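In what follows, one protein chain appears twice in different forms, each by itself as structure tokens: structure 1 and structure 2.
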Structure 1
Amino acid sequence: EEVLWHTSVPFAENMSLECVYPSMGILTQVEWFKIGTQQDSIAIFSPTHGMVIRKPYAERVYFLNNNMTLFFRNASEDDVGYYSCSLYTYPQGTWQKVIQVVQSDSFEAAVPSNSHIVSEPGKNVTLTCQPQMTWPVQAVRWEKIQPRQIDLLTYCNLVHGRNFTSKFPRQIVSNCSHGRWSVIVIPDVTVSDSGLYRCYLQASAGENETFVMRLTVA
């Protein structure tokens, strides 16, 4: 099965993985770990016993100062993979932000637009994405492409429903239910909302569809 990420960043030597967890419930533990078959814990934070960094990450990673940004000092080729920033609280249980680290050459930020939407601040921006050539569509996702990172805003799996909670610091009105998944709304739009908004559609054989919409706020 596919690994769902919330943020995608390129590989770097002084690479930092941002994780700003909300102040909610009875805080139990905050931890970093590399997603894989083998147990690979990086750092574990206790609200009473402080921070503990496991080997062989003890000489590669560090922290500064609700923000758990994981900084790296000379990262190796092997550090390319999926990272998790998990927050354990009562009575919620688990909060997880998955960060994907990709190769410097494989990461693309300079992508061309298809439509340019101009909107006044405070209004609701409605973004639509309809299948053009391929049908039945299995998955639909919305992304905000920045020059140094890509953030997953929405994700809907229509063939077999999956768990997706956006860790984006902005409210996005969306519904994965049948007859509602094509339209996503950004309510009370700010000047900071300006950027590239890519839509990705996945089919059965593997044929994909991309629709990039550029937003500009006055």
Structure 2
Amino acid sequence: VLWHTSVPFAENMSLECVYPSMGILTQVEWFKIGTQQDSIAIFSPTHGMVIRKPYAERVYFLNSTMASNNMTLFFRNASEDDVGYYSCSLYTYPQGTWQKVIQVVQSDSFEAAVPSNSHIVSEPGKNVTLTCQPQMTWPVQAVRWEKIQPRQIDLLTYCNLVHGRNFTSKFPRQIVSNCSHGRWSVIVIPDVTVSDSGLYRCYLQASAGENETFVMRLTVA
């Protein structure tokens, strides 16, 4: 998993999956994630797209140009059973397999759930350093950084400090994240553009006193 987003449920929701040119694309496959993966569609760069029968009347794709790299999944009339986790799996040569995970949640604008704890104004071209606000004697089990927009959360990184594997987002842009050594608290956004404006959230999952967070608004001139 190199890319993890969350989007609100809608009857006409589209699950964005645009792959960066990286080597040769050899196959794409869409899955509904559960304990067992449910295949939605499979794409050949030679023979085209096959939608699995349970989804034949429920999803479609755009007739976008080849160099658009667009595998975005579109729902006709989505229903409550289409809530959950999705996988857009990219198979490339010689780099290998990578996966984008998209979670469909029941939700309003993701900005509405978060009031900013902080505001920073920067200019394009500068690196922007963001920090968590570690507090307690309570051990931090997990740390996660997200970029928040009204229609989309981009999971930038998470560090499991007690158990599990870590995650660092590649795509769409570079996130400087390390996790090791009590510097899970800091990330850098190198060379910001206006499109980097938005809300940035650090969530701290602790042991007994779990669940604390810090939001900061970035505004690029």
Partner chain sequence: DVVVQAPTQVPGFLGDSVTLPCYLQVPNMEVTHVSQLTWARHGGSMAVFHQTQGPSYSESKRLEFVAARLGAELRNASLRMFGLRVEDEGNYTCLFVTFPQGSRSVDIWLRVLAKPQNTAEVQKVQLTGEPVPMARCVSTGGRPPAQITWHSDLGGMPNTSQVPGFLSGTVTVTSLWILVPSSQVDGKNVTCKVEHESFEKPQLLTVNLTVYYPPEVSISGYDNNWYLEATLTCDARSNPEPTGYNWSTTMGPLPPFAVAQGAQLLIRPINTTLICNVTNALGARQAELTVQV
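By convention here, residues take numbers in order along the sequence of structure 1, the first being 1. Whichever C-alpha set is largest while still superposing within 1.5 Å between the two forms counts as the rigid core.
In this pair, structure 2 matches the form deposited without the partner chain, whereas the other structure does not. Note: rigid core superposed between structure 1 and structure 2; among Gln146, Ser115, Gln92, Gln138, the CA shift is 2 Å or more only at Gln92. After superposition on the rigid core, the Cα of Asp78 moves by less than 2 Å between structure 1 and structure 2. With the core held fixed, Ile184 shows a CA shift below 2 Å between structure 1 and structure 2. Taking the rigid core as fixed, one finds a CA shift for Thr28 of 2 Å or more between structure 1 and structure 2.
For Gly206, the displacement of the CA atom between structure 1 and structure 2, after superposition on the rigid core, amounts to 6.2 Å. Taking the core as reference, the Cα of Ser106 moves 9.9 angstrom between structure 1 and structure 2. After superposing on the rigid core, the C-alpha of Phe45 is displaced by 0.4 Å between structure 1 and structure 2.
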